[PDB]
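First, one chain by itself: the form deposited in one PDB entry, in structure tokens.
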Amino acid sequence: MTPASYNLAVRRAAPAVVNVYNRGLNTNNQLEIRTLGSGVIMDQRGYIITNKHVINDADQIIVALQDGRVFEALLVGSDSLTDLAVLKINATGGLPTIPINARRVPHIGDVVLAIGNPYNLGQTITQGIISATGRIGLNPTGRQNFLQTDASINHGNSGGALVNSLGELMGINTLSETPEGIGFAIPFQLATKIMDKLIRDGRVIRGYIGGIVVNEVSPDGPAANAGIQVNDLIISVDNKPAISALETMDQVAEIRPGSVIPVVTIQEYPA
């Protein structure tokens, strides 16, 4: 026999996780650490994911690898709604990349490990399960549509990785009587989507509109301008049957402002 262990997943995923250091200038001279967090190297190009709140208002950003290599990092963009931020590091002499299986479907009960730097103790692995799946939909909803896990999450785990027993990335750790074993991560599929969009446009451009029964209507919104009223029953959006409020709103977000569709001219979501 041999000891039960998840070290496999640790060997594979860990190196691609990094310590992130927000550095600001203190007016009341040099750079002082404002905060810290974790991040995941996504691909060989040097793209990294992390939590927006970690890098917010940073004058300088630094990224350290478990192999000891340190890099100055460039903010590629961020997103409030998902609390995600993409960084990039140059000077590539090769990089560890987080294992990814796009074909992998997360299931409730799946063993997962959270990799991060809680309280700047150095890299820390903690074990738990997927308590709840959440959604990969682009449209914001709330803390309920994230992935939920009883794997232990502290300050410093933010932007860290959540991987299954195979090291495959399940999500990005966002945030955690005293609630015990309740922590959240952004589903990896969604994180991918956000990353690409930030890489591409320097920001996340969301389609905004303002059966499914209309409870209210946004003044001056795209809907109010097209002639839609309260109590209307929406059966089709851009030729797609509207059978779900969640699925419909996720679809609207993928649509680009300026576009015109049969149900209106899409606008960009308000900050």
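Quick note: we count residues from 1 along the sequence shown, nothing fancier. In this text, rigid core is short for the largest set of C-alphas that superpose within 1.5 Å between two forms.
Not pictured, yet referred to below: the form deposited in another entry.
Align on the core first; then indicate which of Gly128, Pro96, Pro99, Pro140 has a CA shift of 2 angstroms or more between the shown form and the other one.
None of the others reach 2 Å, which leaves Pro140.
Against the shown form, C-alpha atoms of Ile49 and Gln144 in that other deposited form: closer or farther, for a change of 3 Å or more?
Residues converge in that other deposited form, at least 3 Å closer.
Direction of the Cα shift between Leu138 and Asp201 in that other deposited form, where the change is 3 Å or more:
Compared with the form shown here, the C-alpha atoms of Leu138 and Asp201 sit farther apart in that other deposited form, by 3 Å or more.
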